[PDB]
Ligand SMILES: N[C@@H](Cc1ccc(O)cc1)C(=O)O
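In the form deposited without the ligand, a lone chain appears below as structure tokens.
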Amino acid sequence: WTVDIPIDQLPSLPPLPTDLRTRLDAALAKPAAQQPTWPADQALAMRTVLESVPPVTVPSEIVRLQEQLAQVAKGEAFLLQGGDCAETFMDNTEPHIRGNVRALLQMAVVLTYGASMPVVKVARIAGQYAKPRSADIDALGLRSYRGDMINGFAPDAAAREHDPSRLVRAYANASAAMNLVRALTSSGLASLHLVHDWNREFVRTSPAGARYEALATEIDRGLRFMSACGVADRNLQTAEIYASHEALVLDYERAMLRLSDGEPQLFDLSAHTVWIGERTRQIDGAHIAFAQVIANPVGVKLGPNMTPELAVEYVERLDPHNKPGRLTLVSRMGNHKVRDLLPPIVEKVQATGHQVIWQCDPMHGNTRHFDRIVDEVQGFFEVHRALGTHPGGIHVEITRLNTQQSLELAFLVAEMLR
């Protein structure tokens, strides 16, 4: 059983300025890989609804993130990006969102201690509802599942058809999630000492706990020292978790564009930051052109086929104003390749004079699974130490790694940061 919810067809706000729309329209005339195959008129109808809904994020938050990412780029902070590999509407619930917020804050406190510098927390949340696929036919002979913004997971033909109403369903889920993320990060749950009590319960009940007990205890003593010196929860933070997803479905991202400033600029207000995946980063494609036109900080996934030359081209396209932290280059080479392939990319990019964030994705390129994940982050750190560059952050998927494992990874990366 399903229920139909009428999409309230409501009055338009003023259009975006004609000049910015001309630029956007030129950008989106470029070919776009991995796009849903729904009819353009239905897509247009759904975009028109989304053009007037309240945004998920607001410009001042994106400007603030940019400033914090500038510090990461300059070697004075570390980026933690993490969360669900794929969000689903079915699991977009309070316990699931709370679990992810908790895990991110737990990772961040360990990483802050190890890094001795602030950690910017970016969730894969409130929009991670679309993925590419290598084949349009899966192992059951069905059209491939492309995420809940596009079609249904259920193994049947009707569910797998590309349904443009899922654009509006994605927005509703995204804004409801983000509302809860904001509520949670402003509560006492997000208190540093409450967050770390969970880390100590992890050490106490995990089979691998003895490996992390010394560091968990050291962190606890740091927090108690803070408190003994008169530092209260009352003053700190309050916790800031930013929203990100892969900018994949351009119908959604373009509908969520809003105007803000010194000059008028388009911000993508579906998220704070977005990235462009390995299969949609064509240099002359629509995704890269779109990232070019928006003010948001952006990331590009770089795999083993990456050349240092193409990497410099992303820098020149995506950071033309030389704004530190505006562009993040996300390495996902595989633990066996990262030590060979990343260094010449890093050297060439560093010689441009631009300040990107170097972030490690140890999942997408990868004896045992966890050991390979850890080995790629290790290899990533080794490359940056040798080159004198900043190992700027990690990008991890929780499902891949479960929550307990991602927490272990934070402890091991904390040790690497020392």
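Residues that one form lacks are left out of the comparison. If you superpose the two forms and keep the largest set of C-alpha atoms that fall within 1.5 Å, you have the rigid core. Don't overthink the numbering: it's just position in the shown sequence, from 1.
Not pictured, yet referred to below: the form solved in complex with the ligand.
Enquirer: Please work out, step by step, whether the site is open or blocked: first superpose the C-alphas near the site so the ligand is positioned as in the deposited bound form, then count ligand atoms within 2.4 Å of this form's backbone or C-beta atoms (3 or more = blocked).
Expert: Blocked, since after superposition 3 or more atoms of the placed ligand lie within 2.4 Å of the backbone or C-beta atoms.
Enquirer: Is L259 one of the residues lying within 4.5 Å of the ligand in the deposited bound form, judged by heavy atom distances?
Expert: Yes, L259 is a contact residue.
Enquirer: Does any part of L266 reach within 4.5 Å of the ligand in the deposited bound form? Heavy atoms only, please.
Expert: Looking in the deposited bound form, residue contacts with the ligand include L266, since a heavy atom lies within 4.5 Å.
Enquirer: Can you tell me if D375 lies within 4.5 angstroms of the ligand in the deposited bound form, counting non-hydrogen atoms only?
Expert: Result no; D375 lies far from the ligand in the deposited bound form.
Enquirer: Quick check on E382: any heavy atom within 4.5 Å of the ligand in the deposited bound form?
Expert: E382: no contact with the ligand in the deposited bound form.
Enquirer: What residues, if any, in 16 to 37 have a non-hydrogen atom within 4.5 angstroms of the ligand in the deposited bound form?
Expert: Going through 16 to 37 in order - heavy atoms within 4.5 Å of the ligand in the deposited bound form - the hits are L16, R21, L24.
Enquirer: Quick one: with the rigid core lined up, which of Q237, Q292, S186, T205 moves its CA 2 Å or more between the shown form and the other one?
Expert: Among the listed residues, the outlier is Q237.
Enquirer: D25: CA shift of at least 2 Å between the shown form and the other one after core fit?
Expert: No; that C-alpha moves by less than 2 Å between the shown form and the other one.
Enquirer: Do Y113 and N235 move together or apart in the deposited bound form, judged by C-alpha distance changing 3 Å or more?
Expert: Closer together, by at least 3 Å.
Enquirer: Given a CA distance change of at least 3 Å, are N235 and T273 closer or farther in the deposited bound form?
Expert: The answer is closer, because the C-alphas of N235 and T273 approach each other in the deposited bound form by 3 Å or more.
Enquirer: Which residue stretches between the shown form and the other one come out as moving, taking only runs of at least three where every Cα shifts by 2 Å or more after core superposition?
Expert: Flagged stretches (3+ res, CA at least 2 Å): 1 to 6, 12 to 19, 231 to 238.
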